[PDB]
>>> print(open('target39.cif').read())   # mmCIF, C-alpha atoms and all ligand atoms
data_start
loop_
_atom_site.group_PDB
_atom_site.id
_atom_site.type_symbol
_atom_site.label_atom_id
_atom_site.label_comp_id
_atom_site.auth_asym_id
_atom_site.auth_seq_id
_atom_site.Cartn_x
_atom_site.Cartn_y
_atom_site.Cartn_z
ATOM 1 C CA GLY A 1 -58.366 47.906 54.719
ATOM 2 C CA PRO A 2 -60.566 47.503 51.629
ATOM 3 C CA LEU A 3 -59.140 45.509 48.717
ATOM 4 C CA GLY A 4 -61.019 46.513 45.576
ATOM 5 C CA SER A 5 -61.454 44.505 42.431
ATOM 6 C CA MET A 6 -59.123 45.069 39.492
ATOM 7 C CA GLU A 7 -62.094 45.004 37.092
ATOM 8 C CA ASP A 8 -63.801 47.867 38.959
ATOM 9 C CA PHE A 9 -60.490 49.746 38.764
ATOM 10 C CA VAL A 10 -60.029 49.215 35.024
ATOM 11 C CA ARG A 11 -63.544 50.226 34.092
ATOM 12 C CA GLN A 12 -63.415 53.291 36.353
ATOM 13 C CA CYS A 13 -59.915 54.559 35.486
ATOM 14 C CA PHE A 14 -59.419 53.929 31.750
ATOM 15 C CA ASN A 15 -61.168 55.629 28.834
ATOM 16 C CA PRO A 16 -64.161 53.514 27.687
ATOM 17 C CA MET A 17 -62.653 53.121 24.228
ATOM 18 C CA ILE A 18 -59.359 51.805 25.620
ATOM 19 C CA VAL A 19 -61.389 49.329 27.729
ATOM 20 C CA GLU A 20 -63.303 48.246 24.619
ATOM 21 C CA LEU A 21 -60.130 47.671 22.544
ATOM 22 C CA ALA A 22 -58.627 45.665 25.418
ATOM 23 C CA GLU A 23 -61.775 43.515 25.577
ATOM 24 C CA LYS A 24 -61.397 42.833 21.849
ATOM 25 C CA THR A 25 -57.720 41.965 22.178
ATOM 26 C CA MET A 26 -58.474 39.542 24.974
ATOM 27 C CA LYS A 27 -61.348 37.924 23.050
ATOM 28 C CA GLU A 28 -58.996 37.660 20.028
ATOM 29 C CA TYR A 29 -56.560 35.715 22.266
ATOM 30 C CA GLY A 30 -59.142 33.451 23.916
ATOM 31 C CA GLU A 31 -58.502 35.120 27.288
ATOM 32 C CA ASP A 32 -61.172 35.865 29.881
ATOM 33 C CA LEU A 33 -60.783 39.252 31.480
ATOM 34 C CA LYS A 34 -62.943 38.111 34.408
ATOM 35 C CA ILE A 35 -60.237 35.633 35.398
ATOM 36 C CA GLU A 36 -57.084 37.216 33.985
ATOM 37 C CA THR A 37 -57.889 40.655 35.349
ATOM 38 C CA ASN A 38 -54.342 41.830 36.094
ATOM 39 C CA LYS A 39 -53.631 41.096 32.445
ATOM 40 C CA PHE A 40 -56.713 43.091 31.417
ATOM 41 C CA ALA A 41 -55.288 46.122 33.339
ATOM 42 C CA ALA A 42 -51.863 45.538 31.713
ATOM 43 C CA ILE A 43 -53.392 45.465 28.242
ATOM 44 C CA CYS A 44 -55.341 48.691 28.893
ATOM 45 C CA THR A 45 -52.195 50.325 30.244
ATOM 46 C CA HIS A 46 -50.123 49.356 27.201
ATOM 47 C CA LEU A 47 -52.844 50.545 24.797
ATOM 48 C CA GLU A 48 -52.992 53.881 26.590
ATOM 49 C CA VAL A 49 -49.219 54.372 26.439
ATOM 50 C CA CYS A 50 -49.244 53.587 22.697
ATOM 51 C CA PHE A 51 -51.943 56.271 22.190
ATOM 52 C CA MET A 52 -50.116 58.837 24.327
ATOM 53 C CA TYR A 53 -46.856 58.138 22.454
ATOM 54 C CA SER A 54 -48.590 58.717 19.115
ATOM 55 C CA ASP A 55 -50.457 61.793 20.387
ATOM 56 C CA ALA A 56 -47.208 63.390 21.533
ATOM 57 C CA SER A 57 -46.593 64.195 17.868
ATOM 58 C CA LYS A 58 -49.743 64.392 15.735
ATOM 59 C CA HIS A 59 -49.421 62.715 12.299
ATOM 60 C CA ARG A 60 -45.914 61.463 12.924
ATOM 61 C CA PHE A 61 -46.990 57.907 13.867
ATOM 62 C CA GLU A 62 -49.240 55.319 12.336
ATOM 63 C CA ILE A 63 -50.944 53.279 15.096
ATOM 64 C CA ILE A 64 -50.785 49.510 14.687
ATOM 65 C CA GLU A 65 -51.742 48.328 18.225
ATOM 66 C CA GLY A 66 -55.436 48.166 18.971
ATOM 67 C CA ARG A 67 -56.404 47.096 15.471
ATOM 68 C CA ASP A 68 -57.818 43.664 14.709
ATOM 69 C CA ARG A 69 -54.944 41.372 13.875
ATOM 70 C CA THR A 70 -55.823 41.040 10.154
ATOM 71 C CA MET A 71 -56.264 44.773 9.677
ATOM 72 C CA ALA A 72 -53.027 45.392 11.602
ATOM 73 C CA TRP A 73 -51.074 43.285 9.124
ATOM 74 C CA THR A 74 -52.859 45.003 6.237
ATOM 75 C CA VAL A 75 -51.612 48.364 7.522
ATOM 76 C CA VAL A 76 -48.065 47.093 8.218
ATOM 77 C CA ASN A 77 -47.906 45.682 4.672
ATOM 78 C CA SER A 78 -49.213 48.941 3.124
ATOM 79 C CA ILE A 79 -46.622 50.931 5.031
ATOM 80 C CA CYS A 80 -43.858 48.572 3.877
ATOM 81 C CA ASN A 81 -44.988 48.830 0.269
ATOM 82 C CA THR A 82 -45.313 52.631 0.376
ATOM 83 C CA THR A 83 -42.103 53.467 2.337
ATOM 84 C CA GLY A 84 -39.869 50.566 1.421
ATOM 85 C CA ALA A 85 -39.552 49.645 5.109
ATOM 86 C CA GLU A 86 -38.512 46.078 5.861
ATOM 87 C CA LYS A 87 -41.433 43.863 6.925
ATOM 88 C CA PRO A 88 -41.352 42.973 10.629
ATOM 89 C CA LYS A 89 -41.880 39.368 11.842
ATOM 90 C CA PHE A 90 -44.171 40.215 14.762
ATOM 91 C CA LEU A 91 -46.850 43.001 14.802
ATOM 92 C CA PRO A 92 -45.235 46.164 16.163
ATOM 93 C CA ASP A 93 -47.105 48.929 17.955
ATOM 94 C CA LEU A 94 -46.417 52.023 15.807
ATOM 95 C CA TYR A 95 -44.713 53.206 12.674
ATOM 96 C CA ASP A 96 -42.666 56.448 12.909
ATOM 97 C CA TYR A 97 -42.834 58.351 9.621
ATOM 98 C CA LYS A 98 -40.094 60.769 10.714
ATOM 99 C CA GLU A 99 -37.454 58.277 11.650
ATOM 100 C CA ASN A 100 -38.813 55.725 9.155
ATOM 101 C CA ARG A 101 -39.106 52.705 11.476
ATOM 102 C CA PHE A 102 -41.636 50.578 13.340
ATOM 103 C CA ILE A 103 -41.614 50.833 17.132
ATOM 104 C CA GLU A 104 -42.363 48.227 19.744
ATOM 105 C CA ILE A 105 -43.573 49.872 22.965
ATOM 106 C CA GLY A 106 -43.213 47.867 26.162
ATOM 107 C CA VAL A 107 -44.619 48.689 29.592
ATOM 108 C CA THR A 108 -43.282 46.630 32.525
ATOM 109 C CA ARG A 109 -43.478 46.120 36.307
ATOM 110 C CA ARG A 110 -40.145 44.195 36.101
ATOM 111 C CA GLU A 111 -36.641 45.686 35.763
ATOM 112 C CA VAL A 112 -36.555 47.784 32.529
ATOM 113 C CA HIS A 113 -33.204 46.612 31.205
ATOM 114 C CA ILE A 114 -33.998 42.919 31.561
ATOM 115 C CA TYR A 115 -37.386 43.476 29.950
ATOM 116 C CA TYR A 116 -35.696 45.485 27.133
ATOM 117 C CA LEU A 117 -33.241 42.657 26.540
ATOM 118 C CA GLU A 118 -36.020 40.069 26.439
ATOM 119 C CA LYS A 119 -37.987 42.189 23.978
ATOM 120 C CA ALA A 120 -34.916 42.705 21.701
ATOM 121 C CA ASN A 121 -34.076 39.022 21.792
ATOM 122 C CA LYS A 122 -37.650 38.168 20.798
ATOM 123 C CA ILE A 123 -38.207 40.370 17.805
ATOM 124 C CA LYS A 124 -34.612 39.910 16.658
ATOM 125 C CA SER A 125 -34.939 42.735 14.107
ATOM 126 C CA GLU A 126 -32.144 45.228 13.520
ATOM 127 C CA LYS A 127 -34.714 47.713 12.345
ATOM 128 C CA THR A 128 -37.681 47.772 14.763
ATOM 129 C CA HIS A 129 -37.016 50.348 17.484
ATOM 130 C CA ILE A 130 -37.908 49.381 21.013
ATOM 131 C CA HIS A 131 -38.959 51.746 23.795
ATOM 132 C CA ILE A 132 -39.701 50.417 27.287
ATOM 133 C CA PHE A 133 -41.405 52.273 30.158
ATOM 134 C CA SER A 134 -41.739 51.041 33.790
ATOM 135 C CA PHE A 135 -44.209 52.056 36.456
ATOM 136 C CA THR A 136 -41.601 53.851 38.476
ATOM 137 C CA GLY A 137 -40.198 56.326 35.933
ATOM 138 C CA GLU A 138 -37.406 54.316 34.350
ATOM 139 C CA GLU A 139 -37.158 53.751 30.592
ATOM 140 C CA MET A 140 -34.818 52.089 28.115
ATOM 141 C CA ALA A 141 -34.766 52.439 24.302
ATOM 142 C CA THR A 142 -32.868 51.066 21.309
ATOM 143 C CA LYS A 143 -29.484 52.779 20.897
ATOM 144 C CA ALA A 144 -30.302 55.235 23.728
ATOM 145 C CA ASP A 145 -32.543 57.011 21.207
ATOM 146 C CA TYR A 146 -35.716 58.019 23.033
ATOM 147 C CA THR A 147 -37.576 59.408 19.979
ATOM 148 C CA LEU A 148 -39.833 61.863 21.850
ATOM 149 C CA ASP A 149 -38.731 64.836 23.940
ATOM 150 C CA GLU A 150 -38.488 64.931 27.703
ATOM 151 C CA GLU A 151 -41.830 66.609 28.334
ATOM 152 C CA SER A 152 -43.701 64.100 26.096
ATOM 153 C CA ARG A 153 -42.103 61.140 27.876
ATOM 154 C CA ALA A 154 -42.693 62.768 31.283
ATOM 155 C CA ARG A 155 -46.446 62.931 30.519
ATOM 156 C CA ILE A 156 -46.381 59.178 29.879
ATOM 157 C CA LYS A 157 -44.385 58.456 33.041
ATOM 158 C CA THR A 158 -46.686 60.591 35.151
ATOM 159 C CA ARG A 159 -49.670 58.678 33.804
ATOM 160 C CA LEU A 160 -48.001 55.409 34.765
ATOM 161 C CA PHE A 161 -47.212 56.756 38.257
ATOM 162 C CA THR A 162 -50.888 57.784 38.632
ATOM 163 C CA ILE A 163 -52.144 54.306 37.638
ATOM 164 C CA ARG A 164 -49.698 52.713 40.148
ATOM 165 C CA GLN A 165 -50.786 55.066 42.944
ATOM 166 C CA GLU A 166 -54.507 54.555 42.358
ATOM 167 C CA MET A 167 -54.013 50.765 42.263
ATOM 168 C CA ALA A 168 -52.056 50.862 45.494
ATOM 169 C CA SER A 169 -54.764 52.971 47.186
ATOM 170 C CA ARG A 170 -57.230 50.219 46.334
ATOM 171 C CA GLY A 171 -54.914 47.392 47.492
ATOM 172 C CA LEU A 172 -54.349 46.161 43.906
ATOM 173 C CA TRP A 173 -50.745 47.148 43.308
ATOM 174 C CA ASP A 174 -48.952 44.184 44.910
ATOM 175 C CA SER A 175 -50.798 41.501 42.982
ATOM 176 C CA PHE A 176 -50.595 43.524 39.720
ATOM 177 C CA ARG A 177 -46.857 44.009 40.077
ATOM 178 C CA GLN A 178 -46.168 40.405 40.975
ATOM 179 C CA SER A 179 -48.331 38.822 38.284
ATOM 180 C CA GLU A 180 -46.173 39.829 35.278
ATOM 181 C CA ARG A 181 -44.403 36.787 33.745
HETATM 182 MN MN MN A 201 -48.347 45.288 20.126
HETATM 183 MN MN MN A 202 -45.895 46.480 22.713
#
>>> encode(input="target39.cif", output="structure tokens")
Amino acid sequence: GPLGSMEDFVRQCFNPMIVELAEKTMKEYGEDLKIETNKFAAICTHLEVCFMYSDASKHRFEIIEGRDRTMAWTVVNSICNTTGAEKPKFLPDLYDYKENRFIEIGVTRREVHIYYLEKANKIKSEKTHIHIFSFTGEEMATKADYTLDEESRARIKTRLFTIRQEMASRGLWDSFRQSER
């Protein structure tokens, strides 16, 4: 059956502005989307989940992901100065003004608990909250505190299911799943 290209998929199935931010992130990292195309789709996916997470509660979150690296640190530093929040060592994805903490969002095709543990071990902060989603509906979050309500998280999981299904229909799912390191 037909095996499509992952680039065609990304440009056809993500919002043009998500695609454009992912292009910038990749350029920022010296990565070529034409060759690392599974990664391009992963970056778009993660951006989109960050935006959906923030949009689940308007004005509650400051968005950090998506910004140019220098601007991202400028915003993290302003938030720390304004709120008294402890400065994180790696750029997080959001800041939650209700619970008063930065959030790292992870999206994975691997087992969620192992990926959660890897993420926690990496940032090593007692303060940054981590919330992981997988493509098959599972999630894991710091202290079993899921931040958003069930319907908000369901909307995100359904979007991830839809991306998986559309990939699989084009023959792209197996390589996308297996490429995560
Ligand atoms: Mn990030
Ligand atoms: Mn993240």
>>> closest_atom_pairs(input="target39.cif", of="chain A", to="ligand MN 202 (chain A)", cutoff="9 Å", atoms="only C-alpha atoms and all ligand atoms", output="CSV")
residue,atom,partner,partner_atom,distance
A:46,CA,A:MN202,MN,6.8
A:47,CA,A:MN202,MN,8.3
A:50,CA,A:MN202,MN,7.9
A:65,CA,A:MN202,MN,7.6
A:91,CA,A:MN202,MN,8.7
A:92,CA,A:MN202,MN,6.6
A:93,CA,A:MN202,MN,5.5
A:94,CA,A:MN202,MN,8.9
A:103,CA,A:MN202,MN,8.3
A:104,CA,A:MN202,MN,4.9
A:105,CA,A:MN202,MN,4.1
A:106,CA,A:MN202,MN,4.6
A:107,CA,A:MN202,MN,7.3
A:130,CA,A:MN202,MN,8.7
A:131,CA,A:MN202,MN,8.8
A:132,CA,A:MN202,MN,8.6
>>> residues_around(input="target39.cif", residues="residue 160 of chain A", least_positions_apart="6", cutoff="12 Å", atoms="only C-alpha atoms", output="PyMOL selection string")
chain A and resi 13-14+41-42+44-46+48-49+52+107-109+133-139+153-154+166-167
>>> residues_near_point(input="target39.cif", point="(-60.5, 46.9, 48.6)", cutoff="10 Å", atoms="only C-alpha atoms", output="PyMOL selection string")
chain A and resi 1-6+167-172
>>> resolve_selection(input="target39.cif", expression="the PyMOL selection byres (((chain A and resi 125) around 10) and not hetatm)", output="tab-separated table (two decimals) with C-alpha atoms, in the frame of the given file")
chain	number	residue	atom	x	y	z
A	86	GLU	CA	-38.51	46.08	5.86
A	87	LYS	CA	-41.43	43.86	6.92
A	88	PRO	CA	-41.35	42.97	10.63
A	89	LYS	CA	-41.88	39.37	11.84
A	90	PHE	CA	-44.17	40.22	14.76
A	120	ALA	CA	-34.92	42.70	21.70
A	121	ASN	CA	-34.08	39.02	21.79
A	122	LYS	CA	-37.65	38.17	20.80
A	123	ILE	CA	-38.21	40.37	17.80
A	124	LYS	CA	-34.61	39.91	16.66
A	126	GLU	CA	-32.14	45.23	13.52
A	127	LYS	CA	-34.71	47.71	12.34
A	128	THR	CA	-37.68	47.77	14.76
A	129	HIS	CA	-37.02	50.35	17.48
>>> atom_distance(input="target39.cif", atom1="atom CA of residue 30 of chain A", atom2="atom CA of residue 62 of chain A")
26.7 Å
